Amino acid sequence: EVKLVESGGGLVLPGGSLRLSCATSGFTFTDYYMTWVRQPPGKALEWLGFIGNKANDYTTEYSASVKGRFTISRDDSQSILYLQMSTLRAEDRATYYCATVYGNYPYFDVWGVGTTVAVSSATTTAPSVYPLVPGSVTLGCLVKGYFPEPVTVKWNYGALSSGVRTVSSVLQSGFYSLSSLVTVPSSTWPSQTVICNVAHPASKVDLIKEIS
Amino acid sequence: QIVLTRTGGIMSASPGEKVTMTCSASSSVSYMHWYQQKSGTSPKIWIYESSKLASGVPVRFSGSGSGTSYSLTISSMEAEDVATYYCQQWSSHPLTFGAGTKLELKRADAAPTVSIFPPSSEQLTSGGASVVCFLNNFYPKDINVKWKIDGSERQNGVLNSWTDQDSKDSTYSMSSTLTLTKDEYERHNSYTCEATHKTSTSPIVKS
Amino acid sequence: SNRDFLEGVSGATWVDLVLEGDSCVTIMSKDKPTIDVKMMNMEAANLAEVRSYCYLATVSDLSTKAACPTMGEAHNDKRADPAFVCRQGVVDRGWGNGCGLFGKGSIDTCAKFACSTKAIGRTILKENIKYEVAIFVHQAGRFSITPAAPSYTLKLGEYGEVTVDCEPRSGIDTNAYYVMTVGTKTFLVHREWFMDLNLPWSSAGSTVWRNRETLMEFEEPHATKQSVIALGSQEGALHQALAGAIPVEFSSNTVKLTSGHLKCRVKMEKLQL
């Protein structure tokens with residue numbers, strides 16, 4: 001079916017630029033209009049702008065919030081969408097979504113994973129993952145001292161995906177902290193591989209740990 | 001600009017129960033669309049042109065609306081309907097969304113399965129530690145959590161992490177963490193997690 | 001008139017003779033009677049089809065699919081049927097026609113293509129060209145001669161008989177020309193000029209007309225549907241650009257020509273004194 005995979009999210013300083021990509025597949029890109037929508041860390045949902053197709057002179061329209069700051073472009077030859085961004089600030093901090101437009105009366109049907117845009121001058125940091133060992137049985141991995149969000153945790157390389165409870169993360173000391181817990185029969189421990197994958201896109205690292 | 005102020009900020013609904021959220025608009029309108037976003041997932045189109053149901057959408061959902069007043073209604077609430085619901089307007093420019101209506105399944109209760117984990121030595125190395133209690137699968141959401149310095153209610157350095165309604169069983173989960181120093185392990189001995197809910201007479205303390 | 005006059009041959013049982021588009025030849029000798037030999041005519045036998053063009057199509061079964069902007073590429077379902085010719089287009093759209101967004105809507109127009117008149121092109125070679133050769137004696141009768149079977153023995157009864165070997169060279173470059181048939185008039189098109197005409201064309205016993213658009217006008221678009229017509233007869237504008245070719249009669253699956261001649265050995269031997 002359809003595929004809308006955003007890419008090009010990271011941390012940028014208050015004023016910098018960034019070019020967001022939406023590589024698509026599973027359909028005739030050129031034929032359809034296309035749009036960008038951002039979701040702030042606050043649930044609110046902001047449309048940014050859309051861009052027509054070839055036969056419509058790539059007509060574009062932007063929201064008041066994006067006049068000047070950004071412009072959207074279409075790589076019709078490879079089914080790719082771009083959102084060039086400039087002079088970001090506090091408000092631009094969000095998760096940016098890339099959706100196709102459709103219907104007699106337009107609506108954003110197939111959206112995409114989304115991509116995370118953080119705006120601040122603070123510094124990147126590789127987290128401090130520790131072994132939350134059982135003092136059945138419930139374990140987990142603590143993840144503190146890192147910036148910026150988001151981090152990614154897994155168990156058994158994305159295999160073990162039931163009983164998993166990776167909590168949210170809260171700001172403090174200019175730092176994110178998230179926790180995580182999962183559970184399996186007290187019979188299969190430590191008689192099987194107990195590992196928590198933890199990736200940090202900020203400092204582009206990973207830590208294949210193992211709670212013995 | 002035309003603002004879509006949504007009626008019913010958050011709400012609960014018992015299975016089989018009929019539910020209705022409202023989309024009030026600060027200006028006349030032609031059509032209204034509705035999107036469903038489940039925690040984590042990116043939105044999904046659900047109701048378009050006021051009342052036409054997207055594909056895959058259960059016939060349980062329905063939308064009415066004309067002019068400035070529009071609404072969608074679930075015929076018989078169900079667990080998979082648990083999510084946030086946004087309304088979009090089209091008649092004018094720019095395109096507008098509402099704030100969203102959070103829809104929660106009002107299910108049966110559950111025992112806060114409390115747990116705890118001692119400070120992993122890793123950070124005890126340079127004066128780093130903090131006790132962390134854990135409170136999985138439990139309903140309702142309402143819950144007071146507390147720690148105590150040998151009888152002393154400690155609040156300075158305690159931040160919590162309230163998670164959302166699990167999709168596989170509609171349950172919750174919370175996480176609390178005390179903090180000031182780490183040189184304070186032998187500096188004191190009695191730690192506590194005094195979790196109080198409505199599924200227990202005596203406030204759970206597994207510490 | 002062009003009735004040439006020869007003499008058997010120096011005490012021999014043979015003669016080597018030649019004929020034009022019309023000429024005949026009398027051959028005399030002491031003992032044997034005289035024999036008027038004529039080349040009556042030459043015709044092309046059973047011509048095979050090579051390619052027939054159309055010059056008056058019929059357009060039927062209209063049907064134009066549509067789509068606003070933001071509704072992608074309109075696709076006509078008939079686009080799956082060979083008999084139909086389809087031209088995807090574009091048209092203004094907006095509120096006034098059930099679209100919430102003014103812009104260029106997709107559109108796909110389909111129409112069946114049928115032929116009402118074919119200009120059938122045919123071909124000939126050695127294996128089919130006849131040569132009428134009348135023979136008199138002073139009683140007669142005629143016959144035909146092919147590059148395949150050139151000779152021929154004519155029984156003359158109480159007079160005797162005669163073998164007549166031959167070499168049926170012609171004038172036309174065989175396998176270089178074709179027999180075009182516009183309306184009733186038949187013509188002789190020049191190799192390429194034929195398969196260089198811009199018109200709908202069937203092939204070898206084919207039912208598949210190609211290059212069809214040539215005869216049908218896709219008229220101005222129109223949100224709803226789109227008018228499509230077929231062009232008037234070409235017979236006219238086909239005769240006009242086709243008068244330099246050789247006017248001929250395709251009378252009954254055959255073709256009369258002129259550019260021909262035979263070099264024949266007349267074996268008078270079998271002839272009775």
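Residues numbered from 1 in each chain as written, not as in the entry; some residues may be left out. Chains lettered and ligands numbered in written order. Heavy atoms only, no water.

Its PDB header names X-ray crystallography as the technique used to obtain the model and reports a resolution of 3.00 Å.

Where the PDB entry is consulted, chain C appears under the name Envelope glycoprotein, with the organism given as West Nile virus.

Under the PDB entry, the name given to chain B is murine kappa light chain of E53 monoclonal antibody Fab, and the source organism is Mus musculus.

1. Points about the sheet that holds strand β3 (residues 19–25) of chain B
Residues and elements named next belong to chain B. Within the open sheet, the 4 strands sit side by side as β1-β3-β8-β7. Their pairing is antiparallel. Edge strands, defined here as strands with exactly one partner in the open sheet, are β1 (4–7) and β7 (61–66). Along the sheet, successive strands turn relative to each other by an average axial angle of 20°, direction set aside. Across 4 bridges, β1 lies against β3 in antiparallel orientation. Bridged to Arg6 within β3 is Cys23. (Pairing = 2+ DSSP bridges. Helix = DSSP H or I, 4+ residues; strand = E, 2+ residues; numbered from the N terminus. Axes fitted to C-alpha atoms, helices over the stretch in contact; angles between N-to-C directions.)

2. What to know about the nonpolar core
Counting residues in hydrophobic clusters, the biggest one holds 45 residues, and the most contacted among them are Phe108 and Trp111 of chain A together with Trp34, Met77, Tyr85 and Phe97 of chain B. Counting 31 residues, the second largest nonpolar core, distinct from the first, contains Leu17, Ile135, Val137 and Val179 of chain C. (Core = buried A, V, L, I, M, F, W, Y, C linked by side-chain atoms within 4.5 Å. Buried < 20%, exposed > 50% of the residue type's maximum accessible area, 1.4 Å probe, protein only.)

3. Things to note about the state of the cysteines
All names here are of chain A. Tallying each qualifying case throughout the model produces 8 disulfides over all chains. Across the disulfide from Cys141 sits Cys196; the S-S distance is 2.0 Å. With the S-S bond torsion at -65°, the cross-link from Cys141 to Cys196 turns out left-handed. On the criterion of sequence distance, the pair formed by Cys141 in strand β13 (residues 141–146) and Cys196 in strand β16 (residues 196–200) is long-range, its members being 55 residues apart. (Disulfide = S-S within 2.5 Å.)

4. Quick notes on the pattern of salt bridges
Scanning all chains against the criterion turns up 26 salt bridges over all chains. A salt bridge links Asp81 of chain C to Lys78 of chain C; its shortest N-O distance comes to 3.7 Å. By relative accessible area, which is 28% here, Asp81 of chain C ends up partly exposed. What makes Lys78 of chain C partly exposed here is its relative accessible area of 36%. Salt bridges linked by common partners bring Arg38, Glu46, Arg69, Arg89, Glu91 and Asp92 of chain A together as one network. (Salt bridge = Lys/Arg side-chain N within 4 Å of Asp/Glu carboxyl O.)

5. Structural notes on the interface of chain A and chain B
With 35 residues of chain A in contact, the opposing surface of chain B contributes 34 residues. When chain A packs against chain B, the two sides together hide about 3,200 Å² of surface, and 66% of this comes from carbon and sulfur. Taken as a group, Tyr105, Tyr130 and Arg165 of chain A account for 20% of the area that chain A buries against chain B, more than any other trio of residues on that side. In this structure, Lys209 of chain A and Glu122 of chain B form a salt bridge, with 3.6 Å as the shortest nitrogen-oxygen distance. The tally of links from chain A across to chain B stands at 10 residue pairs in polar contact. Of the residues contributing to the side of chain A that touches chain B, the split by class is 21 nonpolar, 9 polar and 5 charged. (Contact = heavy atoms within 4.5 Å. Buried area = accessible area lost by both parts, 1.4 Å probe. Polar contact = N/O pair within 3.5 Å; in protein donor to acceptor, adjacent residues only side chain to side chain. Nonpolar A, V, L, I, M, F, W, Y, C, P; charged D, E, K, R; others polar.)

6. Brief notes about the domain arrangement of chain B
Residues and elements named next belong to chain B. On domain assignment, one finds that chain B holds domain 1 (1–107) and domain 2 (108–207). Computed from C-alpha atoms alone, the centre-to-centre distance between domain 1 and domain 2 is 36 Å. Contacts between the two partners involve 9 residues from domain 1 and, on the opposite side, 11 residues from domain 2. Counting each side, the surface lost to burial between domain 1 and domain 2 is near 750 Å², with a carbon and sulfur contribution of 35%. The largest contributions to the domain 1 side of the interface with domain 2 come from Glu104, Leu105 and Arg107, which together make up 70% of the buried area. Remark: the boundary between domain 1 and domain 2 carries 0 salt bridges. Our enumeration of links across domain 1 and domain 2 arrives at 3 residue pairs in polar contact. Residue composition of the side of domain 1 that touches domain 2, grouped by class: 3 nonpolar, 2 polar and 4 charged. (Domains from an automatic or database assignment.)

7. As for the side chain of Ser71 of chain B
Take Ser71 of chain B: it is sitting in strand β8 (residues 69–74). Residues within four places of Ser71 of chain B in sequence aside, it is in contact with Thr20, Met21, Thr22, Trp34, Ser62, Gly63 and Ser64 of chain B.

8. Digging into the sheet that holds strand β18 (residues 263–267) of chain C
All names here are of chain C. Pairing is antiparallel in the open sheet, where 4 strands are placed in the order β2-β18-β12-β11. If you trace the sheet from one side to the other, it starts and ends with β2 (16–18) and β11 (154–155), each paired once. Here 3 bridges tie β2 to β18, and the two strands are oriented antiparallel to one another. Opposite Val18, over in β18, you have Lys263 as the bridge partner.

9. Focus on the packing of aromatic side chains
Per the stated rule, a full pass over the model turns up 27 aromatic pairs over all chains. Summarising the aromatic geometry, the rings of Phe27 of chain A and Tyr32 of chain A are spaced 5.5 Å apart at their centres and angled 45° between planes, so their arrangement reads as tilted. The class for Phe27 of chain A is buried, based on a relative accessible area of 18%. The structure contains a cluster of three or more aromatic residues connected by ring pairs, namely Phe27, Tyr32, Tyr102 and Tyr107 of chain A together with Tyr48 of chain B. Positioned over the ring face of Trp201 of chain C is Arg51 of chain C, at 4.2 Å from the centre of the ring. Note that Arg87 of chain C overlies the ring of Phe218 of chain C, its terminal NZ or CZ placed 4.3 Å from the centroid. (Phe/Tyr/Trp six-rings, centres within 6.5 Å; stacked < 30°, edge-to-face > 60°. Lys NZ or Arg CZ within 6 Å of the ring centre and 35° of its normal.)

10. Regarding the side chain of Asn160 of chain B
Positionally, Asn160 of chain B belongs in strand β14 (residues 159–160). Judged by its relative accessible area of 18%, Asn160 of chain B falls in the buried class. Here the side chain of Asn160 of chain B touches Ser176 of chain B through a polar contact of 2.5 Å, side chain to side chain. Apart from the residues within four sequence positions on either side, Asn160 of chain B is in contact with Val170 of chain A together with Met174, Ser175, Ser176 and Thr177 of chain B.

11. Notes on the interface of chain C and chain A
Taken together, the contact between chain C and chain A spans 12 residues of the former and 11 residues of the latter. Summing both partners gives a buried area of about 1,000 Å² for chain C against chain A, and 60% of it is carried by carbon and sulfur. The largest contributions to the chain C side of the interface with chain A come from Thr70, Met71 and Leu101 of chain C, which together make up 48% of the buried area. Inspection of the chain C/chain A interface yields 0 salt bridges. Our count for the contact surface shared by chain C and chain A stands at 3 residue pairs in polar contact. When the residues that make up the side of chain C that touches chain A are grouped by side-chain class, the tally is 5 nonpolar, 5 polar and 2 charged.

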